[PDB]
Every structure is written in structure tokens, then in C-alpha cells.
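Chemist: See model.txt below, with compact mmCIF, C-alpha atoms.
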```
# COMPACT_ATOMS: atom_id res chain seq x y z
CA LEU P 1 -11.90 9.30 23.79
CA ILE P 2 -8.37 10.74 23.89
CA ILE P 3 -5.89 10.20 21.04
CA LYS P 4 -2.22 10.91 21.70
CA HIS P 5 0.04 11.65 18.74
CA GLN P 6 3.75 12.44 18.76
CA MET P 7 4.96 14.87 16.10
CA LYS P 8 8.17 16.64 15.09
CA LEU P 9 7.99 20.40 14.53
CA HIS P 10 10.56 23.03 13.60
CA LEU P 11 10.92 26.20 15.65
CA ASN P 12 8.25 28.15 13.77
CA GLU P 13 5.80 25.25 13.90
CA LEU P 14 6.63 24.64 17.56
CA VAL P 15 6.01 28.29 18.46
CA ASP P 16 2.74 28.36 16.52
CA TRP P 17 1.56 25.14 18.16
CA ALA P 18 2.58 26.22 21.67
CA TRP P 19 0.85 29.59 21.39
CA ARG P 20 -2.21 27.97 19.80
CA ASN P 21 -2.53 25.35 22.57
CA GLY P 22 -1.57 27.51 25.55
CA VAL P 23 1.54 26.46 27.46
CA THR P 24 2.41 28.38 30.61
CA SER P 25 5.95 27.37 31.57
CA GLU P 26 7.98 24.50 30.11
CA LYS P 27 11.15 23.84 28.11
CA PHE P 28 11.22 22.13 24.71
CA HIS P 29 14.37 20.37 23.54
CA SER P 30 15.53 19.40 20.05
CA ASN P 31 17.81 16.83 18.44
CA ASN P 32 20.98 18.92 18.30
CA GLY P 33 20.79 19.97 21.96
CA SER P 34 19.14 23.30 21.19
CA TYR P 35 16.25 24.27 23.45
CA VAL P 36 13.53 26.89 23.79
CA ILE P 37 11.83 27.96 27.02
CA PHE P 38 8.29 29.23 27.47
CA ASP P 39 7.58 31.01 30.75
CA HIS P 40 4.11 32.46 31.31
CA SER P 41 3.48 31.85 27.59
CA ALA P 42 6.51 33.95 26.61
CA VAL P 43 9.65 32.84 24.79
CA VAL P 44 12.22 33.75 27.42
CA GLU P 45 15.27 31.85 26.19
CA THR P 46 16.49 30.10 23.05
CA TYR P 47 19.84 28.32 22.74
CA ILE P 48 21.42 28.05 19.27
CA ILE P 49 18.38 26.72 17.39
CA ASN P 50 19.54 26.12 13.83
CA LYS P 51 17.19 25.30 10.99
CA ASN P 52 16.09 21.70 10.31
CA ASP P 53 15.94 21.17 14.08
CA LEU P 54 13.07 18.89 15.09
CA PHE P 55 11.34 19.40 18.44
CA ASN P 56 9.33 16.34 19.45
CA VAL P 57 5.95 17.27 20.93
CA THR P 58 3.10 15.04 22.09
CA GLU P 59 -0.42 16.27 21.30
CA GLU P 60 -3.75 15.21 22.80
CA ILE P 61 -6.86 15.31 20.60
CA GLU P 62 -10.33 14.65 21.99
CA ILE P 63 -12.36 12.52 19.57
CA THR P 64 -16.16 12.50 19.77
CA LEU P 65 -18.94 11.93 17.26
CA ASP P 66 -20.27 15.45 17.83
CA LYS P 67 -16.91 17.23 17.69
CA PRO P 68 -15.63 17.95 14.16
CA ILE P 69 -12.46 16.27 12.91
CA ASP P 70 -9.73 18.05 10.96
CA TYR P 71 -9.04 15.24 8.48
CA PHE P 72 -10.39 11.70 8.58
CA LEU P 73 -10.78 8.75 6.22
CA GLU P 74 -13.81 6.48 5.89
CA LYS P 75 -14.12 2.99 4.42
CA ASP P 76 -17.45 1.47 3.43
CA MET P 77 -18.43 -2.20 3.43
CA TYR P 78 -17.85 -2.69 -0.30
CA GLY P 79 -14.32 -1.28 -0.21
CA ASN P 80 -14.56 2.35 -1.30
CA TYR P 81 -12.26 4.72 0.61
CA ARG P 82 -12.99 8.43 0.95
CA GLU P 83 -11.53 11.36 2.88
CA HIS P 84 -13.31 14.22 4.63
CA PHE P 85 -12.18 17.52 6.13
CA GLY P 86 -13.75 19.54 8.92
CA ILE P 87 -16.81 17.32 9.36
CA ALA P 88 -18.05 15.58 12.50
CA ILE P 89 -18.45 11.81 12.34
CA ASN P 90 -22.19 12.09 12.99
CA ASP P 91 -22.43 14.60 10.14
CA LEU P 92 -21.70 11.99 7.44
CA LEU P 93 -24.73 11.45 5.22
CA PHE P 94 -24.10 7.71 4.80
CA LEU P 95 -23.17 6.17 8.13
CA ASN P 96 -25.28 3.11 7.33
CA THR P 97 -22.57 1.56 5.13
CA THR P 98 -19.54 3.20 6.80
CA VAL P 99 -17.53 0.37 8.32
CA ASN P 100 -14.27 2.00 9.41
CA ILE P 101 -13.04 5.52 10.13
CA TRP P 102 -9.39 6.44 10.71
CA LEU P 103 -7.94 9.85 11.55
CA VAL P 104 -5.29 11.12 9.13
CA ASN P 105 -2.64 12.59 11.36
CA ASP P 106 -0.85 15.08 9.06
CA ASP P 107 2.13 12.71 9.15
CA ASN P 108 0.23 10.41 6.74
CA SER P 109 -0.21 8.10 9.75
CA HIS P 110 -3.57 6.45 10.43
CA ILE P 111 -5.27 5.98 13.80
CA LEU P 112 -8.45 3.92 14.06
CA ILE P 113 -11.28 5.71 15.84
CA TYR P 114 -14.48 4.16 14.45
CA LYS P 115 -15.11 0.44 13.95
CA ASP P 116 -18.40 -1.23 13.00
CA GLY P 117 -20.95 1.30 14.19
CA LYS P 118 -19.15 2.33 17.39
CA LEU P 119 -16.21 4.39 18.55
CA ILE P 120 -13.05 2.33 18.92
CA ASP P 121 -13.14 2.50 22.72
CA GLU P 122 -16.69 1.12 22.85
CA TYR P 123 -15.87 -1.79 20.55
CA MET P 124 -14.73 -4.87 22.45
CA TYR P 125 -12.77 -6.96 19.89
CA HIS P 126 -13.89 -10.46 20.82
CA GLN P 127 -11.19 -13.10 20.62
CA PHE P 128 -11.70 -16.69 19.46
CA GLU P 129 -12.04 -19.89 21.47
CA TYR P 130 -13.80 -23.21 21.01
CA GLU P 131 -16.77 -23.45 23.36
CA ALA P 132 -16.30 -26.04 26.12
CA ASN P 133 -16.44 -26.29 29.89
CA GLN P 134 -13.75 -27.65 32.19
CA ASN P 135 -12.50 -31.14 31.38
CA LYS P 136 -12.70 -32.25 35.04
CA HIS P 137 -11.61 -35.73 33.96
CA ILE P 138 -9.14 -38.09 35.63
CA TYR P 139 -6.49 -39.35 33.21
CA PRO P 140 -4.04 -42.24 33.58
CA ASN P 141 -0.46 -41.31 34.43
CA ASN P 142 2.70 -42.45 32.63
CA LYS P 143 5.38 -42.51 35.33
CA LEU Z 223 -30.70 18.84 -0.16
CA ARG Z 224 -29.66 15.72 -2.07
CA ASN Z 225 -26.28 13.97 -2.00
CA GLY Z 226 -24.88 10.86 -3.62
CA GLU Z 227 -21.85 8.67 -4.18
CA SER Z 228 -20.85 6.18 -6.87
CA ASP Z 229 -18.23 3.46 -7.31
CA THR Z 230 -17.32 1.09 -10.12
CA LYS Z 231 -14.65 -1.51 -10.81
CA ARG Z 232 -14.35 -3.01 -14.30
CA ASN Z 233 -11.65 -5.65 -14.78
CA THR Z 234 -11.09 -7.42 -18.10
CA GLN Z 235 -8.52 -10.09 -18.97
CA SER Z 236 -8.00 -11.27 -22.54
CA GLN Z 237 -5.98 -13.87 -24.43
CA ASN Z 238 -5.15 -14.06 -28.13
CA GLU Z 239 -3.55 -16.75 -30.27
CA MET Z 240 -2.89 -16.76 -34.01
CA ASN Z 241 -1.22 -19.56 -35.97
CA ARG Z 242 -0.44 -18.58 -39.56
CA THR Z 243 1.29 -20.92 -42.01
CA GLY Z 244 2.03 -20.82 -45.72
CA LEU Z 245 3.79 -22.60 -48.55
CA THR Z 246 4.87 -20.95 -51.81
CA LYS Z 247 6.26 -22.89 -54.78
CA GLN Z 248 7.85 -21.07 -57.71
CA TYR Z 249 8.58 -22.98 -60.92
CA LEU Z 250 11.50 -21.76 -63.03
CA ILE Z 251 13.25 -23.35 -65.98
CA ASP Z 252 16.60 -22.26 -64.52
CA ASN Z 253 16.07 -24.83 -61.76
CA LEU Z 254 15.56 -27.71 -64.20
CA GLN Z 255 18.87 -27.02 -65.93
CA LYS Z 256 20.64 -27.10 -62.56
CA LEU Z 257 18.76 -30.32 -61.74
CA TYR Z 258 20.40 -32.32 -64.52
CA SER Z 259 23.72 -33.40 -63.02
CA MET Z 260 22.98 -33.52 -59.29
CA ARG Z 261 22.74 -37.32 -59.30
CA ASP Z 262 25.62 -37.86 -61.72
CA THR Z 263 27.97 -35.72 -59.64
CA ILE Z 264 27.87 -38.39 -56.92
CA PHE Z 265 29.81 -40.91 -58.98
CA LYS Z 266 32.44 -38.54 -60.36
CA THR Z 267 33.98 -38.50 -56.88
CA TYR Z 268 33.70 -42.28 -56.60
CA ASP Z 269 35.37 -42.77 -59.98
CA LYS Z 270 38.17 -40.28 -59.35
CA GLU Z 271 39.48 -41.91 -56.17
CA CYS Z 272 38.29 -45.50 -55.76
CA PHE Z 273 38.73 -46.99 -59.24
CA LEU Z 274 41.48 -47.64 -61.76
CA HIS Z 275 42.05 -45.11 -64.53
CA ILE Z 276 44.13 -46.89 -67.21
CA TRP Z 277 42.53 -49.34 -69.64
```
Could the structure of this file be written out as C-alpha cells, please?

Modeler:
Amino acid sequence: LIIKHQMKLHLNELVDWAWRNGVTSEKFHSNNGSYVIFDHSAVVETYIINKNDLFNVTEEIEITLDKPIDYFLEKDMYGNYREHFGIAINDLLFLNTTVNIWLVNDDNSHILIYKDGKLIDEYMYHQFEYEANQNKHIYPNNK
Amino acid sequence: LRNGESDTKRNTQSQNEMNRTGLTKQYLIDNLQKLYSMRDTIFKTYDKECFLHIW
């Protein structure tokens, strides 16, 4: 399961993120036309990067019951909502009554990952339709 | 190692209604003296305007 999240980071946050999740050679742009360049994981060039400049960066997070999650939110069957930090989904003591689990994305956004005993990719989300076969009936025509 | 969790929801709705009435009567002699000529005052206005005044 791969979750893609787009975020907006200032220069300091962008540098920290890029060095934390290794980037070899690529250029990041900002709103005001300012850009920064990483080449072999080194900040070669910056072009007039004022403060309050937001660099938009997409981030890929692998979600798995064994792998711990930074910050997620769980909802039981009755209605109680709770939040957990740094705990794998399988680690929860009470998964019997856990109905939903979202991932809090540091932007206060919410991404569903766990729905009714399964990861969101495994769940199939059945639609609705009345049960019936083909009509296969000849009708009179009005012409 | 023992864990736990709790949850409660108590919701109360109330209604009140009070209807209080009273009636106080005070008796004073000063009111009886002012009572005397309330009826007679009606016909002093009738006599002044509507009727003749010379024998």
C-alpha cells in the first residue's frame, strides 16, 4: 500500500526533508519563481529564496500493518475516536472493535487506510443493485 | 500488562414552567370618602350644558 501526499515546505523544511529522504539530483521550484538545486545530494544553487516561500513536494509513504505509523486516528464501532503516535496498526490492543483508521497527515488532512478489518486496498466497496437477470422480453412498439 | 479504555455520554434535557398569580385588596377609609361623589359627578356635566338654568 502506497499513500501519496502533497505538502508545502519552506526552505529549511525542504532541505531537511530532501536530506532525510535522499535525493540525488533534481531542482525544486517555489511560488515566487525561486528555486533550489540538489546535485549529488548537495545544494549547488539557490535563486533568491525569500522567506514564506512554499515549495510543493510530493511524498510517498508505505503503509503496512507491521510498519509503524507516525500519527494515525482510530474510530471504534460505538463512535469513540482516539489518536495514536508511533504505533503499528497490528500493535493496537483492541482491534476487535476498531472500525476505521485514518492517517493524520501533519496538514490536519485525513487519509483512510483501514476499513472494517482490512487495509483500504483489500476492501472492495460493494455497490448496490437490485438482484435480477436479463429481461429478455419482447415489448410492443409505439411507432 | 493490563490496558483499558472507557467512554461515556450523558445527555439531559429539561423543561420548567411556573404560573404564579395573586390578588391583594387593601381597605382604607380614604377610599370611601373619595367614593361618595363619583356617581353624582356624572349629572353635574349633564345639568351644566343640556338643561335650562333660570327658574

Chemist: Can you pull out every residue within 10 Å of segment 9-16 of chain P, counting all atoms listed in the file, but drop anything in the same chain fewer than 5 positions away, and send it as number ranges by chain?

Modeler: P: 21, 28, 30, 35-36, 38, 42-43, 49-57

Chemist: Just how far from atom CA of residue 64 of chain P is atom CA of residue 91 of chain P, in Å to one decimal?

Modeler: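 Interatomic distance here is 11.7 Å.
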
Chemist: Check every residue of chain P for an atom within 12 Å of chain Z, counting all atoms listed in the file, and provide those that qualify as JSON, numbers by chain.

Modeler: {"P": [76, 78, 79, 80, 81, 82, 92, 93, 94, 97]}

Chemist: Which of these, P:72, P:47, P:130, P:19, has the shortest distance to residue 87 of chain P once you count all atoms listed in the file?

Modeler: P:72

Chemist: Quick one, how far is atom CA of residue 112 of chain P from atom CA of residue 8 of chain P?

Modeler: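 Separation of atom CA of residue 112 of chain P and atom CA of residue 8 of chain P: 21.0 Å.
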
Chemist: Determine the axis-aligned bounding box of all atoms of segment 119-123 of chain P present in the file, pad each side by 3 Å, and express its centre and edge lengths in Å to one decimal place as JSON.

Modeler:
```
{"center_x": -14.9, "center_y": 1.3, "center_z": 20.7, "size_x": 9.6, "size_y": 12.2, "size_z": 10.3}
```

Chemist: Which neighbours of residue 95 of chain P fall inside 12 Å, counting all atoms listed in the file, when residues of the same chain fewer than 3 positions from it are skipped, and could you give them as a PyMOL selection string?

Modeler: chain P and resi 65+74-77+88-92+98-101+114-118

Chemist: Could you write out that same residue set with C-alpha atoms as a short mmCIF file (atom, residue, chain, number, x, y, z; two decimals), keeping the file's coordinate frame?

Modeler:
```
data_model
loop_
_atom_site.label_atom_id
_atom_site.label_comp_id
_atom_site.auth_asym_id
_atom_site.auth_seq_id
_atom_site.Cartn_x
_atom_site.Cartn_y
_atom_site.Cartn_z
CA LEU P 65 -18.94 11.93 17.26
CA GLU P 74 -13.81 6.48 5.89
CA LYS P 75 -14.12 2.99 4.42
CA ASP P 76 -17.45 1.47 3.43
CA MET P 77 -18.43 -2.20 3.43
CA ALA P 88 -18.05 15.58 12.50
CA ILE P 89 -18.45 11.81 12.34
CA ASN P 90 -22.19 12.09 12.99
CA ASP P 91 -22.43 14.60 10.14
CA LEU P 92 -21.70 11.99 7.44
CA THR P 98 -19.54 3.20 6.80
CA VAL P 99 -17.53 0.37 8.32
CA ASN P 100 -14.27 2.00 9.41
CA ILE P 101 -13.04 5.52 10.13
CA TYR P 114 -14.48 4.16 14.45
CA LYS P 115 -15.11 0.44 13.95
CA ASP P 116 -18.40 -1.23 13.00
CA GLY P 117 -20.95 1.30 14.19
CA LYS P 118 -19.15 2.33 17.39
#
```

Chemist: What is the distance between atom CA of residue 105 of chain P and atom CA of residue 66 of chain P, in Å to one decimal?

Modeler: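 Computed distance, atom CA of residue 105 of chain P to atom CA of residue 66 of chain P, equals 19.0 Å.
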
Chemist: Nearest to residue 111 of chain P: which of P:131, P:34, P:24, P:73 is it, counting only C-alpha atoms?

Modeler: P:73
